[PDB]
>>> print(open('input_17.cif').read())   # mmCIF, N, CA, C and O atoms and all ligand atoms
data_structure
loop_
_atom_site.label_atom_id
_atom_site.label_comp_id
_atom_site.auth_asym_id
_atom_site.auth_seq_id
_atom_site.Cartn_x
_atom_site.Cartn_y
_atom_site.Cartn_z
N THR X 1 84.23 69.65 33.62
CA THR X 1 85.12 70.15 32.55
C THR X 1 84.35 71.15 31.68
O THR X 1 83.17 70.89 31.39
N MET X 2 85.00 72.26 31.30
CA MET X 2 84.35 73.29 30.45
C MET X 2 83.89 72.65 29.14
O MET X 2 84.68 71.90 28.54
N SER X 3 82.66 72.95 28.70
CA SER X 3 82.18 72.45 27.39
C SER X 3 82.39 73.54 26.33
O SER X 3 81.78 74.61 26.47
N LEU X 4 83.23 73.27 25.32
CA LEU X 4 83.53 74.29 24.33
C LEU X 4 82.35 74.57 23.41
O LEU X 4 82.42 75.52 22.63
N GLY X 5 81.29 73.78 23.50
CA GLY X 5 80.12 73.98 22.67
C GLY X 5 79.59 72.68 22.10
O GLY X 5 80.24 71.64 22.20
N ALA X 6 78.41 72.74 21.51
CA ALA X 6 77.81 71.56 20.89
C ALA X 6 78.61 71.18 19.65
O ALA X 6 78.61 71.91 18.66
N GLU X 7 79.29 70.03 19.72
CA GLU X 7 80.16 69.59 18.60
C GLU X 7 79.22 69.65 17.39
O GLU X 7 78.17 68.97 17.43
N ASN X 8 79.58 70.43 16.37
CA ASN X 8 78.79 70.48 15.16
C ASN X 8 79.59 69.63 14.19
O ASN X 8 80.68 69.14 14.50
N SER X 9 79.04 69.43 12.99
CA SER X 9 79.73 68.68 11.96
C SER X 9 79.22 69.17 10.62
O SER X 9 78.06 68.94 10.28
N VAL X 10 80.09 69.82 9.85
CA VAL X 10 79.71 70.41 8.57
C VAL X 10 79.99 69.42 7.47
O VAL X 10 81.05 68.77 7.44
N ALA X 11 79.04 69.28 6.55
CA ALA X 11 79.09 68.25 5.52
C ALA X 11 79.66 68.87 4.24
O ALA X 11 78.94 69.30 3.35
N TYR X 12 80.98 68.90 4.16
CA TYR X 12 81.64 69.37 2.96
C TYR X 12 81.38 68.42 1.80
O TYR X 12 81.18 67.22 1.98
N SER X 13 81.38 68.98 0.60
CA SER X 13 81.34 68.20 -0.62
C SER X 13 82.18 68.93 -1.65
O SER X 13 82.87 69.91 -1.33
N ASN X 14 82.12 68.49 -2.90
CA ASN X 14 82.77 69.23 -3.97
C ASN X 14 81.81 69.67 -5.06
O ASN X 14 82.24 70.31 -6.02
N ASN X 15 80.53 69.35 -4.94
CA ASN X 15 79.54 69.87 -5.86
C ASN X 15 78.28 70.23 -5.10
O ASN X 15 77.17 69.87 -5.49
N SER X 16 78.44 70.93 -3.98
CA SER X 16 77.29 71.31 -3.16
C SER X 16 77.52 72.68 -2.57
O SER X 16 78.49 72.90 -1.85
N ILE X 17 76.60 73.60 -2.86
CA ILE X 17 76.61 74.95 -2.31
C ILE X 17 75.34 75.13 -1.49
O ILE X 17 74.30 74.55 -1.81
N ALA X 18 75.44 75.92 -0.42
CA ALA X 18 74.33 76.15 0.49
C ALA X 18 74.06 77.65 0.55
O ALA X 18 74.79 78.39 1.21
N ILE X 19 73.01 78.10 -0.13
CA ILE X 19 72.71 79.52 -0.28
C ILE X 19 71.54 79.88 0.62
O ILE X 19 70.48 79.25 0.53
N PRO X 20 71.67 80.88 1.49
CA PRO X 20 70.55 81.29 2.33
C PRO X 20 69.42 81.89 1.52
O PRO X 20 69.64 82.62 0.55
N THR X 21 68.18 81.60 1.93
CA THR X 21 66.99 82.06 1.23
C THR X 21 66.26 83.17 1.96
O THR X 21 65.23 83.64 1.47
N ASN X 22 66.70 83.46 3.18
CA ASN X 22 66.02 84.48 4.02
C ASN X 22 67.10 85.17 4.85
O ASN X 22 68.23 84.65 4.90
N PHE X 23 66.77 86.29 5.48
CA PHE X 23 67.76 87.05 6.23
C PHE X 23 67.15 87.50 7.54
O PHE X 23 66.06 87.07 7.93
N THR X 24 67.86 88.37 8.24
CA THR X 24 67.41 88.87 9.53
C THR X 24 68.22 90.09 9.90
O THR X 24 69.45 90.05 9.86
N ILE X 25 67.53 91.17 10.24
CA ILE X 25 68.18 92.36 10.78
C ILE X 25 68.38 92.15 12.27
O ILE X 25 67.52 91.60 12.96
N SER X 26 69.53 92.58 12.78
CA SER X 26 69.91 92.20 14.14
C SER X 26 70.69 93.35 14.76
O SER X 26 71.90 93.44 14.59
N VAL X 27 70.00 94.20 15.52
CA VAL X 27 70.65 95.29 16.21
C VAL X 27 71.42 94.74 17.40
O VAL X 27 70.82 94.38 18.42
N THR X 28 72.73 94.66 17.29
CA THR X 28 73.54 94.24 18.41
C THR X 28 73.84 95.44 19.31
O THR X 28 73.17 96.47 19.25
N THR X 29 74.83 95.29 20.18
CA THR X 29 75.27 96.38 21.02
C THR X 29 76.78 96.29 21.17
O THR X 29 77.38 95.25 20.91
N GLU X 30 77.39 97.40 21.56
CA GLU X 30 78.80 97.41 21.91
C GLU X 30 79.05 98.58 22.83
O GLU X 30 78.62 99.70 22.54
N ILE X 31 79.77 98.34 23.92
CA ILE X 31 79.90 99.29 25.00
C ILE X 31 81.38 99.59 25.20
O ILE X 31 82.18 98.66 25.33
N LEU X 32 81.73 100.87 25.23
CA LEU X 32 83.12 101.27 25.25
C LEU X 32 83.31 102.43 26.22
O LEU X 32 82.62 103.44 26.10
N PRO X 33 84.22 102.31 27.18
CA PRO X 33 84.60 103.48 27.96
C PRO X 33 85.40 104.44 27.09
O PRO X 33 86.10 104.04 26.17
N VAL X 34 85.27 105.73 27.40
CA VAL X 34 85.94 106.79 26.65
C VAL X 34 86.84 107.62 27.55
O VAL X 34 87.99 107.88 27.22
N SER X 35 86.33 108.03 28.70
CA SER X 35 87.09 108.85 29.62
C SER X 35 86.88 108.34 31.04
O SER X 35 85.83 107.76 31.34
N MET X 36 87.86 108.55 31.89
CA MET X 36 87.74 108.22 33.30
C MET X 36 87.75 109.50 34.12
O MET X 36 87.91 110.60 33.59
N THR X 37 87.55 109.35 35.42
CA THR X 37 87.43 110.52 36.28
C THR X 37 88.73 111.31 36.28
O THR X 37 89.82 110.76 36.19
N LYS X 38 88.59 112.63 36.38
CA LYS X 38 89.72 113.55 36.32
C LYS X 38 90.04 114.00 37.74
O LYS X 38 89.42 114.93 38.26
N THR X 39 91.02 113.35 38.36
CA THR X 39 91.37 113.68 39.73
C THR X 39 92.45 114.76 39.77
O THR X 39 92.91 115.24 38.74
N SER X 40 92.83 115.14 40.98
CA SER X 40 93.89 116.10 41.23
C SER X 40 94.31 115.94 42.67
O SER X 40 93.56 115.42 43.49
N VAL X 41 95.51 116.42 43.00
CA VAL X 41 96.05 116.25 44.35
C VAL X 41 96.95 117.42 44.69
O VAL X 41 97.75 117.87 43.86
N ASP X 42 96.83 117.92 45.91
CA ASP X 42 97.71 118.96 46.44
C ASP X 42 98.60 118.34 47.51
O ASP X 42 98.09 117.84 48.52
N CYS X 43 99.91 118.40 47.29
CA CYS X 43 100.86 117.70 48.14
C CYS X 43 100.73 118.13 49.60
O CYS X 43 100.58 117.30 50.50
N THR X 44 100.79 119.44 49.84
CA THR X 44 100.92 119.92 51.21
C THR X 44 99.74 119.49 52.08
O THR X 44 99.94 119.18 53.26
N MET X 45 98.53 119.46 51.54
CA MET X 45 97.38 119.09 52.35
C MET X 45 97.11 117.60 52.36
O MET X 45 96.27 117.15 53.15
N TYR X 46 97.79 116.82 51.52
CA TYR X 46 97.71 115.37 51.67
C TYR X 46 98.75 114.87 52.66
O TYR X 46 98.42 114.27 53.68
N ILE X 47 100.03 115.14 52.38
CA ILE X 47 101.09 114.67 53.25
C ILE X 47 101.07 115.42 54.57
O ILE X 47 101.00 114.83 55.65
N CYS X 48 101.14 116.75 54.50
CA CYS X 48 101.38 117.62 55.65
C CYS X 48 100.11 118.30 56.13
O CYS X 48 100.14 119.49 56.46
N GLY X 49 98.99 117.60 56.17
CA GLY X 49 97.71 118.22 56.48
C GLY X 49 97.71 119.04 57.75
O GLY X 49 97.75 118.49 58.85
N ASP X 50 97.66 120.37 57.60
CA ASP X 50 97.59 121.30 58.73
C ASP X 50 98.81 121.17 59.64
O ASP X 50 98.69 120.97 60.85
N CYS K 1 105.00 131.91 41.25
CA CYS K 1 105.75 131.24 42.30
C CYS K 1 105.51 129.74 42.34
O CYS K 1 106.30 129.02 42.96
N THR K 2 104.44 129.24 41.71
CA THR K 2 104.28 127.79 41.59
C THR K 2 104.90 127.24 40.32
O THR K 2 105.39 126.11 40.32
N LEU K 3 104.89 128.00 39.22
CA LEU K 3 105.60 127.58 38.03
C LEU K 3 107.09 127.86 38.10
O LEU K 3 107.83 127.39 37.23
N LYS K 4 107.53 128.62 39.09
CA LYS K 4 108.92 129.03 39.24
C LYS K 4 109.45 129.63 37.94
O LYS K 4 110.42 129.15 37.34
N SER K 5 108.78 130.68 37.50
CA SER K 5 109.15 131.39 36.29
C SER K 5 108.68 132.83 36.43
O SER K 5 108.18 133.25 37.47
N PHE K 6 108.84 133.60 35.35
CA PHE K 6 108.42 134.99 35.34
C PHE K 6 107.39 135.31 34.28
O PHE K 6 106.73 136.35 34.39
N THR K 7 107.23 134.47 33.26
CA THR K 7 106.14 134.59 32.32
C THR K 7 105.20 133.41 32.50
O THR K 7 105.62 132.31 32.86
N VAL K 8 103.91 133.65 32.27
CA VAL K 8 102.92 132.59 32.25
C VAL K 8 102.14 132.72 30.95
O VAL K 8 102.11 133.78 30.31
N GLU K 9 101.52 131.62 30.54
CA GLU K 9 100.87 131.52 29.25
C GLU K 9 99.37 131.35 29.42
O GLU K 9 98.88 130.96 30.48
N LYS K 10 98.64 131.66 28.34
CA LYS K 10 97.19 131.67 28.39
C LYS K 10 96.65 130.31 28.82
O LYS K 10 96.74 129.33 28.07
N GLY K 11 96.09 130.25 30.02
CA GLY K 11 95.57 129.00 30.54
C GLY K 11 95.12 129.16 31.97
O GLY K 11 95.01 130.27 32.48
N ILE K 12 94.77 128.01 32.57
CA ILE K 12 94.39 127.98 34.01
C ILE K 12 95.45 127.13 34.70
O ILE K 12 95.83 126.09 34.13
N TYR K 13 95.92 127.56 35.86
CA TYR K 13 97.00 126.90 36.58
C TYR K 13 96.57 126.61 38.00
O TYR K 13 96.09 127.50 38.71
N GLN K 14 96.75 125.36 38.43
CA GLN K 14 96.38 124.96 39.78
C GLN K 14 97.52 125.34 40.71
O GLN K 14 98.48 124.59 40.86
N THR K 15 97.42 126.50 41.33
CA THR K 15 98.42 126.93 42.30
C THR K 15 98.19 126.18 43.61
O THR K 15 97.58 125.11 43.65
N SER K 16 98.71 126.73 44.70
CA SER K 16 98.38 126.21 46.01
C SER K 16 96.89 126.42 46.30
O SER K 16 96.22 127.25 45.68
N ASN K 17 96.43 125.67 47.30
CA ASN K 17 95.03 125.78 47.77
C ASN K 17 95.02 126.79 48.91
O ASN K 17 96.08 126.96 49.55
N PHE K 18 93.89 127.45 49.16
CA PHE K 18 93.76 128.47 50.19
C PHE K 18 93.07 127.88 51.41
O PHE K 18 92.10 127.14 51.29
N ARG K 19 93.63 128.18 52.59
CA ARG K 19 93.05 127.73 53.88
C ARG K 19 93.43 128.78 54.91
O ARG K 19 94.64 129.01 55.10
N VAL K 20 92.44 129.41 55.56
CA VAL K 20 92.75 130.51 56.46
C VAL K 20 93.61 130.01 57.62
O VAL K 20 93.57 128.83 57.99
N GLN K 21 94.41 130.91 58.18
CA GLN K 21 95.45 130.51 59.13
C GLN K 21 94.83 130.00 60.43
O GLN K 21 93.91 130.62 60.96
N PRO K 22 95.29 128.85 60.94
CA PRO K 22 94.94 128.45 62.32
C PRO K 22 95.91 129.07 63.32
O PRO K 22 97.09 128.71 63.36
N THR K 23 95.41 130.00 64.13
CA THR K 23 96.27 130.84 64.96
C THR K 23 96.34 130.40 66.42
O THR K 23 97.42 130.13 66.93
N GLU K 24 95.19 130.32 67.09
CA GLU K 24 95.19 130.26 68.54
C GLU K 24 95.61 128.88 69.04
O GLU K 24 95.97 127.99 68.27
N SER K 25 95.58 128.72 70.37
CA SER K 25 95.94 127.48 71.03
C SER K 25 94.89 127.17 72.08
O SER K 25 94.74 127.91 73.06
N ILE K 26 94.15 126.08 71.89
CA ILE K 26 93.09 125.69 72.81
C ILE K 26 93.51 124.43 73.56
O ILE K 26 93.86 123.42 72.94
N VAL K 27 93.51 124.50 74.89
CA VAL K 27 93.73 123.32 75.72
C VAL K 27 92.60 123.18 76.72
O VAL K 27 92.63 123.78 77.79
N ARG K 28 91.58 122.42 76.32
CA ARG K 28 90.39 122.24 77.20
C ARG K 28 90.50 120.88 77.90
O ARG K 28 90.85 119.89 77.23
N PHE K 29 90.21 120.85 79.20
CA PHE K 29 90.34 119.60 80.00
C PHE K 29 89.13 119.49 80.94
O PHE K 29 88.71 120.53 81.49
N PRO K 30 88.53 118.29 81.14
CA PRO K 30 87.33 118.16 81.96
C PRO K 30 87.55 118.82 83.33
O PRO K 30 88.46 118.41 84.03
N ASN K 31 86.72 119.81 83.67
CA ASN K 31 86.83 120.51 84.98
C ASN K 31 86.31 119.58 86.07
O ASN K 31 86.40 119.96 87.26
N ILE K 32 85.77 118.42 85.69
CA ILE K 32 85.20 117.46 86.67
C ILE K 32 86.25 117.16 87.74
O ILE K 32 85.85 116.83 88.88
N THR K 33 87.53 117.27 87.39
CA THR K 33 88.62 117.04 88.38
C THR K 33 88.36 117.89 89.62
O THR K 33 88.10 119.10 89.46
N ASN K 34 88.44 117.28 90.81
CA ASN K 34 88.18 118.02 92.08
C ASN K 34 89.47 118.10 92.89
O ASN K 34 90.32 117.20 92.73
N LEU K 35 89.60 119.13 93.73
CA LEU K 35 90.82 119.30 94.52
C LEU K 35 90.92 118.22 95.58
O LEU K 35 89.94 117.90 96.26
N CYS K 36 92.09 117.62 95.68
CA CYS K 36 92.30 116.61 96.70
C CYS K 36 92.17 117.24 98.08
O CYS K 36 92.71 118.33 98.32
N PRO K 37 91.47 116.60 99.01
CA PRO K 37 91.31 117.19 100.35
C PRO K 37 92.60 117.19 101.15
O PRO K 37 92.72 116.47 102.15
N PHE K 38 93.55 118.04 100.75
CA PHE K 38 94.81 118.17 101.53
C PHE K 38 94.54 119.05 102.75
O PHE K 38 95.36 119.03 103.70
N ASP K 39 93.44 119.81 102.74
CA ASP K 39 93.11 120.64 103.89
C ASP K 39 93.11 119.83 105.18
O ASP K 39 93.49 120.33 106.24
N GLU K 40 92.66 118.57 105.11
CA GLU K 40 92.68 117.70 106.28
C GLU K 40 94.09 117.48 106.81
O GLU K 40 94.26 117.21 108.00
N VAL K 41 95.10 117.60 105.96
CA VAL K 41 96.49 117.48 106.41
C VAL K 41 97.01 118.80 106.95
O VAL K 41 97.51 118.86 108.08
N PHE K 42 96.89 119.88 106.18
CA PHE K 42 97.50 121.14 106.57
C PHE K 42 96.73 121.85 107.67
O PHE K 42 97.33 122.45 108.57
N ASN K 43 95.40 121.79 107.63
CA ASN K 43 94.56 122.47 108.61
C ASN K 43 94.13 121.55 109.74
O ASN K 43 93.20 121.89 110.48
N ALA K 44 94.77 120.40 109.88
CA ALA K 44 94.47 119.50 110.99
C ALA K 44 94.70 120.20 112.32
O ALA K 44 95.62 121.02 112.47
N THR K 45 93.85 119.88 113.30
CA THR K 45 93.92 120.56 114.59
C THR K 45 95.17 120.18 115.36
O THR K 45 95.76 121.04 116.04
N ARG K 46 95.60 118.92 115.28
CA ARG K 46 96.78 118.46 115.99
C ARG K 46 97.60 117.56 115.09
O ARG K 46 97.06 116.63 114.49
N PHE K 47 98.89 117.85 114.98
CA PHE K 47 99.79 116.98 114.25
C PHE K 47 100.35 115.91 115.17
O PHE K 47 100.36 116.04 116.39
N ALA K 48 100.81 114.82 114.56
CA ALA K 48 101.43 113.75 115.32
C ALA K 48 102.84 114.17 115.75
O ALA K 48 103.40 115.16 115.26
N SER K 49 103.41 113.40 116.66
CA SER K 49 104.76 113.68 117.12
C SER K 49 105.77 113.28 116.05
O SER K 49 105.52 112.42 115.20
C1 LIG H 1 84.37 64.86 -5.72
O1 LIG H 1 85.37 64.11 -5.02
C2 LIG H 1 85.37 62.70 -5.29
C3 LIG H 1 86.46 62.10 -4.43
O2 LIG H 1 87.74 62.36 -4.99
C4 LIG H 1 85.59 62.46 -6.78
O3 LIG H 1 85.50 61.06 -7.05
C5 LIG H 1 84.54 63.21 -7.59
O4 LIG H 1 84.81 63.06 -8.98
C6 LIG H 1 84.55 64.69 -7.22
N1 LIG H 1 83.53 65.40 -7.97
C7 LIG H 1 83.74 65.89 -9.20
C8 LIG H 1 82.57 66.60 -9.83
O5 LIG H 1 84.81 65.76 -9.78
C1 LIG H 2 61.52 85.23 5.95
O1 LIG H 2 61.54 85.19 7.39
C2 LIG H 2 60.50 85.94 8.02
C3 LIG H 2 60.71 85.82 9.51
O2 LIG H 2 62.03 85.38 9.80
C4 LIG H 2 59.14 85.42 7.58
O3 LIG H 2 58.11 86.22 8.16
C5 LIG H 2 59.03 85.47 6.07
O4 LIG H 2 57.80 84.90 5.65
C6 LIG H 2 60.18 84.69 5.45
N1 LIG H 2 60.11 84.74 4.00
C7 LIG H 2 60.32 83.67 3.23
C8 LIG H 2 60.20 83.89 1.75
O5 LIG H 2 60.59 82.58 3.70
#
>>> encode(input="input_17.cif", output="structure tokens")
Amino acid sequence: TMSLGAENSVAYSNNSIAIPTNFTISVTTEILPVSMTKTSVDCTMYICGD
Amino acid sequence: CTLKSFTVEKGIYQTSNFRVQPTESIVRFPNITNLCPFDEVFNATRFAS
């Protein structure tokens, strides 16, 4: 069976805040297509070749 | 003649493609074929009755 992840458990309260004391720069990536190949077709030489 | 009009506008147009004319007619066949020895029939010295 697929595991959705390590069951975590967050400890909510009503008088408790959790403030980070350190940070981290993190160069991610993202990849995107922009254009595809530019084809063309001539009817007479495809259907009726010679 | 490809736009079927009389005016054309500033641009590039993909007309027909060019291919030089195929004119002649070639019929090549293996010359390995040999003549059947019918000479033995027609040039036979004596025919049957
Ligand atoms: C937090 O919640 C509990 C449960 O209702 C309550 O008794 C308590 O008074 C709350 N905290 C404050 C600061 O009111
Ligand atoms: C913050 O984190 C970096 C590495 O993650 C560490 O070198 C640095 O000492 C940390 N600073 C503090 C104040 O914890």
>>> residues_around(input="input_17.cif", residues="range 14-31 of chain K", least_positions_apart="6", cutoff="9 Å", atoms="only C-alpha atoms", output="ChimeraX atom specification")
/X:42,44-45,50 /K:1-3
>>> residues_near_ligand(input="input_17.cif", ligand="ligand LIG 2 (chain H)", cutoff="7 Å", atoms="only N, CA, C and O atoms and all ligand atoms", output="list in words")
residues 21, 22, 23 and 24 of chain X
>>> residues_near_ligand(input="input_17.cif", ligand="ligand LIG 1 (chain H)", cutoff="7 Å", atoms="only N, CA, C and O atoms and all ligand atoms", output="PyMOL selection string")
chain X and resi 13-15
>>> closest_residue(input="input_17.cif", among="X:10, X:31, X:47, X:41", to="chain K", atoms="only N, CA, C and O atoms")
X:41
>>> closest_residue(input="input_17.cif", among="X:17, X:43, X:25, X:36", to="chain K", atoms="only N, CA, C and O atoms")
X:43
>>> select_by_dssp(input="input_17.cif", residues="chain K", states="helix (DSSP H, G or I)", output="ChimeraX atom specification")
/K:39-42
>>> atom_distance(input="input_17.cif", atom1="CA of residue 13 in chain K", atom2="CA of residue 39 in chain X")
14.7 Å
>>> atom_distance(input="input_17.cif", atom1="atom C of residue 12 in chain K", atom2="atom N of residue 49 in chain X")
23.8 Å
>>> atom_distance(input="input_17.cif", atom1="atom N of residue 37 in chain X", atom2="atom O of residue 7 in chain K")
29.3 Å
>>> decode(input="input_17.cif", residues="range 13-42 of chain K", atoms="N, CA and C atoms", output="mmCIF file, in the first residue's frame")
data_model
loop_
_atom_site.group_PDB
_atom_site.id
_atom_site.type_symbol
_atom_site.label_atom_id
_atom_site.label_comp_id
_atom_site.auth_asym_id
_atom_site.auth_seq_id
_atom_site.Cartn_x
_atom_site.Cartn_y
_atom_site.Cartn_z
ATOM 1 N N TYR K 13 5.675 33.046 -47.953
ATOM 2 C CA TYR K 13 4.568 32.137 -48.202
ATOM 3 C C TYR K 13 5.094 30.806 -48.710
ATOM 4 N N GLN K 14 4.646 29.722 -48.092
ATOM 5 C CA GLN K 14 5.073 28.385 -48.487
ATOM 6 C C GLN K 14 4.217 27.954 -49.664
ATOM 7 N N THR K 15 4.715 28.161 -50.875
ATOM 8 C CA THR K 15 4.004 27.717 -52.065
ATOM 9 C C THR K 15 4.198 26.214 -52.227
ATOM 10 N N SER K 16 4.002 25.719 -53.441
ATOM 11 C CA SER K 16 4.359 24.344 -53.734
ATOM 12 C C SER K 16 5.871 24.157 -53.623
ATOM 13 N N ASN K 17 6.244 22.876 -53.525
ATOM 14 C CA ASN K 17 7.674 22.496 -53.470
ATOM 15 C C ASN K 17 8.112 22.209 -54.907
ATOM 16 N N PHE K 18 9.400 22.346 -55.204
ATOM 17 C CA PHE K 18 9.943 22.149 -56.543
ATOM 18 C C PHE K 18 10.609 20.783 -56.633
ATOM 19 N N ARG K 19 10.317 20.068 -57.725
ATOM 20 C CA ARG K 19 10.926 18.736 -57.982
ATOM 21 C C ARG K 19 10.991 18.585 -59.501
ATOM 22 N N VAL K 20 12.185 18.400 -60.064
ATOM 23 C CA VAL K 20 12.320 18.376 -61.514
ATOM 24 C C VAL K 20 11.520 17.204 -62.086
ATOM 25 N N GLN K 21 11.073 17.363 -63.326
ATOM 26 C CA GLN K 21 10.112 16.432 -63.908
ATOM 27 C C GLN K 21 10.734 15.054 -64.115
ATOM 28 N N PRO K 22 10.061 13.974 -63.707
ATOM 29 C CA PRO K 22 10.469 12.623 -64.129
ATOM 30 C C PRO K 22 9.849 12.266 -65.474
ATOM 31 N N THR K 23 10.689 12.162 -66.504
ATOM 32 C CA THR K 23 10.208 12.076 -67.878
ATOM 33 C C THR K 23 10.230 10.658 -68.444
ATOM 34 N N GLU K 24 11.389 10.007 -68.448
ATOM 35 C CA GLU K 24 11.570 8.822 -69.271
ATOM 36 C C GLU K 24 10.867 7.614 -68.665
ATOM 37 N N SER K 25 11.034 6.468 -69.328
ATOM 38 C CA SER K 25 10.445 5.203 -68.905
ATOM 39 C C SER K 25 11.509 4.119 -68.988
ATOM 40 N N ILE K 26 11.896 3.571 -67.843
ATOM 41 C CA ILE K 26 12.922 2.536 -67.785
ATOM 42 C C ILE K 26 12.282 1.206 -67.424
ATOM 43 N N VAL K 27 12.487 0.196 -68.273
ATOM 44 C CA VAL K 27 12.067 -1.164 -67.951
ATOM 45 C C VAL K 27 13.248 -2.109 -68.108
ATOM 46 N N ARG K 28 13.964 -2.324 -67.000
ATOM 47 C CA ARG K 28 15.165 -3.196 -67.034
ATOM 48 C C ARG K 28 14.790 -4.574 -66.481
ATOM 49 N N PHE K 29 15.236 -5.639 -67.147
ATOM 50 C CA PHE K 29 14.888 -7.022 -66.733
ATOM 51 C C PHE K 29 16.139 -7.900 -66.848
ATOM 52 N N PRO K 30 16.408 -8.832 -65.904
ATOM 53 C CA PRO K 30 17.632 -9.629 -65.937
ATOM 54 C C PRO K 30 17.787 -10.294 -67.311
ATOM 55 N N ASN K 31 18.890 -10.005 -68.006
ATOM 56 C CA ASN K 31 19.150 -10.608 -69.339
ATOM 57 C C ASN K 31 19.552 -12.072 -69.147
ATOM 58 N N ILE K 32 19.693 -12.508 -67.892
ATOM 59 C CA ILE K 32 20.120 -13.908 -67.592
ATOM 60 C C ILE K 32 19.184 -14.875 -68.323
ATOM 61 N N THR K 33 17.941 -14.455 -68.577
ATOM 62 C CA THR K 33 16.974 -15.309 -69.315
ATOM 63 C C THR K 33 17.621 -15.787 -70.618
ATOM 64 N N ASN K 34 17.551 -17.093 -70.897
ATOM 65 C CA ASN K 34 18.171 -17.657 -72.125
ATOM 66 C C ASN K 34 17.072 -18.177 -73.056
ATOM 67 N N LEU K 35 17.336 -18.204 -74.366
ATOM 68 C CA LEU K 35 16.336 -18.647 -75.327
ATOM 69 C C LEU K 35 16.091 -20.141 -75.179
ATOM 70 N N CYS K 36 14.821 -20.516 -75.141
ATOM 71 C CA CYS K 36 14.488 -21.924 -75.059
ATOM 72 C C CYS K 36 14.971 -22.640 -76.319
ATOM 73 N N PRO K 37 15.595 -23.811 -76.188
ATOM 74 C CA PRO K 37 16.087 -24.513 -77.380
ATOM 75 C C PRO K 37 14.968 -25.073 -78.241
ATOM 76 N N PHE K 38 14.238 -24.179 -78.916
ATOM 77 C CA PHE K 38 13.184 -24.638 -79.856
ATOM 78 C C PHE K 38 13.844 -25.085 -81.165
ATOM 79 N N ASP K 39 15.099 -24.677 -81.393
ATOM 80 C CA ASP K 39 15.799 -25.103 -82.603
ATOM 81 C C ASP K 39 15.753 -26.616 -82.768
ATOM 82 N N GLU K 40 15.826 -27.352 -81.657
ATOM 83 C CA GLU K 40 15.734 -28.804 -81.712
ATOM 84 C C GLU K 40 14.404 -29.276 -82.279
ATOM 85 N N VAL K 41 13.353 -28.472 -82.162
ATOM 86 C CA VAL K 41 12.064 -28.817 -82.750
ATOM 87 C C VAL K 41 11.998 -28.412 -84.216
ATOM 88 N N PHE K 42 12.296 -27.148 -84.520
ATOM 89 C CA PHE K 42 12.107 -26.647 -85.877
ATOM 90 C C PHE K 42 13.189 -27.136 -86.832
#
